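Asker: Sequence, then structure. It's an experimental one.
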Amino acid sequence: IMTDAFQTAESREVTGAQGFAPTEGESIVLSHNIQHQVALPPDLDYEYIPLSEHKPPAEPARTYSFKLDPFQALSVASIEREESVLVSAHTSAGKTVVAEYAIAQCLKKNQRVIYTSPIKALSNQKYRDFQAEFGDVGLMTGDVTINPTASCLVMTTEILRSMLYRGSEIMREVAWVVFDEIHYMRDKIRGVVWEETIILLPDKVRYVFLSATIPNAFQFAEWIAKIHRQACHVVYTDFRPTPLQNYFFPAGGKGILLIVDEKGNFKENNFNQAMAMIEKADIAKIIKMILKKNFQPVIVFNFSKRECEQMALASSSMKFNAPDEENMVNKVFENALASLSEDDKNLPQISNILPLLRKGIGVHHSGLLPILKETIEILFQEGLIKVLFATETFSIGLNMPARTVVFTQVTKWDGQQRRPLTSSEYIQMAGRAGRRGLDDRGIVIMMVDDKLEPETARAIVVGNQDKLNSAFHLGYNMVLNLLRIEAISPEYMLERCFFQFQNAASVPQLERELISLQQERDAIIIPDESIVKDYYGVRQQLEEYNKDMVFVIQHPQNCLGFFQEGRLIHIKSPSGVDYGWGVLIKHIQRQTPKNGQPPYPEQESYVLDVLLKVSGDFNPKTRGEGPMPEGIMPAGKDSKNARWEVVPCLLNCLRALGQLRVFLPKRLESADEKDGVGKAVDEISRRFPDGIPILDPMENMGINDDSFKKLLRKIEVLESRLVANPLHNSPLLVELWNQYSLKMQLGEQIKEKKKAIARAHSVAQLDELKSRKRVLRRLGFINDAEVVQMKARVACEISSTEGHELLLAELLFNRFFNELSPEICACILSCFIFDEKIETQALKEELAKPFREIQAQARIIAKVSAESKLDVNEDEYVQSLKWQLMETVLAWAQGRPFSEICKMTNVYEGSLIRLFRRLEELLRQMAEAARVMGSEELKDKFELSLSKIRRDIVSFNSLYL
């Protein structure tokens with residue numbers, strides 16, 4: 001009895017502060033951890049069938065003084081022999097070196113290479129990155145065009161899409177195209193641009209796709225191998241150099257609980273303990289603890305740009321940085337802004353964020369100015385930011401990992417999607433946790449507002465990664481180009497699109513699964529399907545009329561006059577759980593729905609306070625938003641906690657009513673007092689073993705409805721058809737009640753299975769093209785000879801991701817813009833681009849006139865499309881046309897500073913800048929339409945309209961970083 005060690009929670013190492021550095025060390029991907037596959041082109045050449053042993057030397061002959069692990073070396077060994085590759089792994093795998101090898105190989109071989117990325121920013125980061133490296137690098141986005149004669153070209157994918165449609169000689173020279181982050185083909189607005197680009201590529205060229213881990217990696221290679229007729233290698237690894245640990249932080253609780261361990265194991269003992277601790281500003285609680293215990297840097301992902309700032313506001317109290325670092329924040333800040341006029345440098349958004357970044361707390365989202373995002377990015381990599389508040393947009397950002405990731409929400413909700421984050425959206429985010437050299441492990445902290453079943457939880461975290469599926473559909477600008485060029489048709493691309501390849505590949509395994517379970521719909525022989533059909537059908541239809549009897553009884557007009565305090569009531573959950581007999585205490589009328597969004601029927605319009613025996617360790621105070629709280633019930637020999645307890649119950653938990661009542665003392669709130677009344681409910685079962693006398697729905701409660709009466713008839717014929725059947729009480733019943741149940745439910749599988757196979761034979765894709773071709777006939781774009789008239793070449797050069805490709809093209813040779821000033825064209829054109837809804841001062845009636853008719857001219861095409869058997873809501877296809885920035889783009893075009901037009905409306909400063917650049921690109925495109933169509937007083941007015949708005953802070957480039 002001295003001092004000692006405890007032998008319960010006791011052990012050696014400290015993992016609190018000093019314990020996040022690796023003592024083990026660096027681990028490398030092994031050779032057995034990688035799996036190479038190779039996809040081959042099909043043979044319609046009968047006369048010759050090639051033997052393809054296509055396999056890499058596993059390490060390239062040429063290193064180019066790159067240092068390559070077994071994974072990178074193998075991926076690059078295919079590029080060496082000039083066959084395409086798909087490289088798939090976590091962002092941790094250093095997939096960028098592979099792209100650097102392709103570039104190096106071309107520059108040595110005196111060929112040209114093209115790098116693409118979905119983001120304009122990432123392509124700008126990859127530019128100077130590569131520009132520094134090889135010096136031979138050019139850059140082409142929608143915004144900027146730098147050094148196009150360059151052997152290497154970093155470009156955005158819609159510039160590649162455009163160039164494959166224009167057909168310039170640039171594509172003749174380029175030997176290799178590298179696709180970075182190819183998983184964006186999933187995205188529903190931008191998905192088509194990707195396949196189009198891929199479908200439009202020359203077969204002679206070669207491809208490097210870079211990806212996160214996807215299951216159908218071979219399926220992508222085969223697709224590529226088919227359309228472009230070449231061998232496509234696949235190199236895959238799941239290896240992650242630094243392991244992960246996922247913790248859940250319950251709502252309002254103090255502490256987190258491990259859920260997936262570093263071996264990827266889901267611990268349910270902890271998970272159910274974590275869901276148990278639920279029954280806001282504790283963001284700050286998390287970061288506080290994360291300050292002392294050493295987790296830096298930490299990324300915090302949320303979703304609304306609006307809630308992102310708020311969480312950085314609540315955490316601003318603490319100070320995360322040393323006096324030496326705060327001054328370091330100061331130097332880097334003043335420096336990166338030097339390209340700004342002192343006007344801009346003092347803009348309302350810049351001054352406020354600087355004291356925040358000084359404390360080590362950052363913010364990253366769409367609304368921040370482009371020079372702020374980059375600067376804060378620059379700041380984070382320099383570790384001057386310990387805590388960063390970001391939206392989902394940030395993880396796609398290239399170079400910036402953390403030690404810790406905190407999920408604000410596990411639910412992503414925009415317009416109609418009420419959905420769990422899916423394992424794909426989880427890994428791109430949660431993968432940021434952990435860094436090769438500096439970290440022990442990745443720490444991922446999930447915050448949970450609401451409890452969710454293990455299915456929802458597990459299928460997010462450890463649930464198998466999502467298949468990469470085609471987003472392909474039809475836009476107008478797509479098919480107009482496809483028609484025009486003689487060598488090809490929109491019919492052609494629709495066949496070679498990834499979507500149809502996918503449907504084509506699924507139907508063999510469907511028929512296999514179908515015919516496999518078509519078996520048991522035969523292979524189960526029920527002794528007699530004849531009489532079992534009658535028992536199953538009667539027993540099950542008996543249930544439905546019984547649920548309906550329970551329903552009408554529950555209605556307040558039928559059952560309320562019997563809610564005398566103290567009356568016995570049988571409580572049975574709608575879920576089927578039967579809590580037994582208890583006493584009514586109070587009944588309160590559920591208060592009227594406020595915003596209207598939560599309505600309920602009359603059966604749920606009351607909450608009854610009723611005392612029941614409950615085994616629940618739940619929270620008895622409130623029903624939550626459920627029918628009653630979450631807790632079980634005692635069954636036999638005093639289950640865990642046999643407690644007589646008052647619980648709130650939605651009136652639909654009413655099963656029966658006892659004929660008479662229990663005396664209720666005024667004082668019921670205490671422990672022994674609650675058990676006092678309960679002991680009487682036991683005392684009434686003394687002489688009532690056959691059941692407590694219930695109040696007959698008709699001959700007591702007085703429900704005489706012709707409806708209710710005729711429903712009771714149907715019930716007791718079904719009780720008679722039950723017993724008149726030989727199997728009522730015969731011990732082959734429960735045996736054979738399993739057999740039909742499988743034969744019937746497999747009927748549901750095979751019914752549903754068949755439905756899957758039907759749609760997988762896709763008519764819908766072609767039916768849409770036809771109906772659009774009908775619009776294009778009547779709109780004048782294509783003469784019925786299926787060829788394209790003047791207006792169709794005009795629309796071709798115009799790219800809007802809305803259907804305004806046609807509308808704008810119409811308004812152009814309606815010569816709608818001809819007589820305007822350049823300054824006012826930017827105004828009306830502003831409506832066609834943006835989406836974000838805006839609360840503004842007003843709509844000036846100088847500018848209110850022209851907006852009205854483009855709504856009219858849109859409603860023309862809108863309903864004109866409807867009669868073409870297309871699906872379009874006529875009401876607001878003019879939705880897309882919005883006037884809130886018209887006054888704002890006017891003022892800017894007039895020469896007003898950026899100080900003013902920010903307060904012109906309620907928009908984000910950085911949202912504004914992205915939207916004017918989106919404008920001055922549409923401006924560029926309208927000009928080319930005029931070079932194609934008609935008078936260049938139209939072409940050059942746009943070019944003038946362009947420079948009217950192309951100015952100080954909007955012409956601002958980038959920090960190249």
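Answerer: Done, it's in. Numbering: from 1, shown residues only.
Asker: any idea how far residue 357 lies from residue 390?
Answerer: From residue 357 across to residue 390, the span is 14 Å (Cβ to Cβ, to the nearest Å). (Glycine included, C-beta is placed from N, CA and C.)
Asker: who's residue 234 bridged to?
Answerer: For residue 234, the beta-bridge partners are residue 37, residue 86 (DSSP bridges).
Asker: Tally up the residues packed near it, please.
Answerer: Look at residue 234: counted by other Cβ atoms under 10 Å, it has 25 neighbours.
Asker: Could you measure from it over to residue 34?
Answerer: Counting by Cβ to Cβ, the gap from residue 234 to residue 34 is 11 Å.
Asker: what's the single longest strand in this structure?
Answerer: Longest strand of the chain, by residue count under DSSP state E: strand 578-589.
Asker: Who are the packing partners of the next helix or strand after it?
Answerer: For strand 578-589, the following helix or strand on the C-terminal side (DSSP states H and E) is strand 606-614. Other helices and strands packing on strand 606-614, by 3 or more Cβ pairs under 8 Å, 6 or more residues apart in numbering; DSSP states H and E, are strand 567-572, strand 578-589, strand 643-650, helix 671-683.
Asker: Quick one: distance of the last one to the chain centre.
Answerer: Relative to its chain's centre, helix 671-683 lies at 52 Å (Cα atoms, centre = their mean, to the nearest Å).
Asker: Alpha carbons of it, as PDB, please.
Answerer: Output of helix 671-683 as PDB, limited to C-alpha atoms (Å, rounded to 0.1, in the frame of the first residue of the first chain):
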ATOM      1  CA  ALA A 671     -40.400   8.000  -7.500                       C
ATOM      2  CA  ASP A 672     -42.500   6.100  -4.900                       C
ATOM      3  CA  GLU A 673     -45.500   8.200  -5.900                       C
ATOM      4  CA  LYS A 674     -45.300   7.100  -9.500                       C
ATOM      5  CA  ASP A 675     -45.100   3.500  -8.300                       C
ATOM      6  CA  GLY A 676     -48.100   3.900  -6.100                       C
ATOM      7  CA  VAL A 677     -50.600   4.100  -8.900                       C
ATOM      8  CA  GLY A 678     -48.800   1.400 -10.900                       C
ATOM      9  CA  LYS A 679     -49.200  -1.100  -8.000                       C
ATOM     10  CA  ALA A 680     -53.000  -0.500  -8.400                       C
ATOM     11  CA  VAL A 681     -52.700  -1.400 -12.100                       C
ATOM     12  CA  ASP A 682     -51.200  -4.700 -10.900                       C
ATOM     13  CA  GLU A 683     -53.900  -5.000  -8.300                       C
END
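Asker: buried set for the following helix or strand past it?
Answerer: Later in the chain than helix 671-683, the nearest helix or strand by DSSP H and E is helix 706-723. Using 16 or more other Cβ atoms under 10 Å as the test for burial, helix 706-723 gives 708, 715, 718, 721, 722.
Asker: out of those, which one sits closest to residue 821?
Answerer: Taking Cβ to Cβ as the measure, residue 821 lies nearest residue 708 of the buried residues of helix 706-723, at 75.6 Å.
Asker: between the longest strand of the chain and strand 567-572, how many degrees?
Answerer: 120 degrees (axes from the mean of the first three to the mean of the last three Cα atoms, to 10 degrees).
Asker: Please work out which residues outside strand 578-589 touch it.
Answerer: Contacts to strand 578-589, defined as Cβ atoms under 8 Å, 6 or more residues apart in numbering, come from residues 560, 563-573, 605-614, 633, 646, 651, 655, 658, 662, 664, 668, 677-678, 681, 685, 692.
Asker: that older thread, now tabulate the buried residues of helix 706-723 in JSON lines and tack on distance to residue 184.
Answerer: What follows is the buried residues of helix 706-723, written out as JSON lines (distance: Cβ to Cβ, whole Å):
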{"residue": "708", "distance to residue 184": "59"}
{"residue": "715", "distance to residue 184": "58"}
{"residue": "718", "distance to residue 184": "57"}
{"residue": "721", "distance to residue 184": "60"}
{"residue": "722", "distance to residue 184": "59"}
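Asker: Residue 372 is in contact with residue 956, correct?
Answerer: No - contact criterion Cβ atoms under 8 Å: residue 956 and residue 372 do not qualify, at 11.3 Å.
Asker: Could you pull out the helices in the stretch 351-500 of the chain for me?
Answerer: 370-381, 423-430, 454-461, 476-484, 490-496, 498-517 (DSSP state H, counting those that start in this stretch).
Asker: nearest to residue 80, of these?
Answerer: Across the helices of the stretch 351-500 of the chain, closest to residue 80 is helix 498-517 (Cβ to Cβ), at 27.2 Å.
Asker: And for residue 275, nearest residue in space, chain neighbours not counted?
Answerer: residue 451 (4.5 Å; Cβ to Cβ, 6 or more residues apart in numbering).
Asker: Verify the stated contact: that neighbour with residue 279.
Answerer: No - with contact defined as Cβ under 8 Å, residue 451 does not count as touching residue 279 (9.4 Å).
Asker: So which of those two has more stuff around it?
Answerer: A direct count of neighbours by other Cβ under 10 Å for residue 451 and residue 279 places residue 451 higher, at 18 against 15.
Asker: Identify the residues contacting that one.
Answerer: 275, 278, 630.
Asker: Please, a ChimeraX command that selects the buried ones among those residues?
Answerer: In ChimeraX syntax, the buried subset of the contacts of residue 451 is picked out as below (16+ other Cβ under 10 Å):
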select :275
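Asker: Can you tell me which of the contacts of residue 451 end up in helices?
Answerer: Among those, the members found in helices (DSSP state H) are residue 275.
Asker: Just give me the neighbour total for the closest residue to residue 224 other than its chain neighbours.
Answerer: Once flanking residues are discounted, residue 224 sits nearest to residue 232: 4.7 Å by Cβ to Cβ, 6+ apart. Neighbour count for residue 232, taken as other Cβ under 10 Å: 27.
Asker: The helix or strand containing residue 246 pairs with which strands, and in what direction?
Answerer: Using DSSP H and E, residue 246 sits in strand 244-249. Applying DSSP bridges to the sheet, strand 244-249 is found paired with strand 257-260 (antiparallel), strand 442-447 (parallel).
Asker: Tell me which of those strands is the most buried.
Answerer: Among those, the stretch with the highest mean neighbour count (mean count of other Cβ atoms under 10 Å) is strand 442-447, at a mean of 23.
Asker: Kindly format the C-alpha coordinates of the strand or helix carrying residue 344 as PDB.
Answerer: For residue 344, the host element (DSSP H and E) is helix 342-345. Extracted in PDB, the C-alpha atoms of helix 342-345 (Å, rounded to 0.1, in the frame of the first residue of the first chain):
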ATOM      1  CA  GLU A 342      -5.200  51.000 -52.200                       C
ATOM      2  CA  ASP A 343      -9.000  51.300 -52.700                       C
ATOM      3  CA  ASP A 344      -9.400  47.500 -53.200                       C
ATOM      4  CA  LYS A 345      -6.800  46.600 -50.500                       C
END
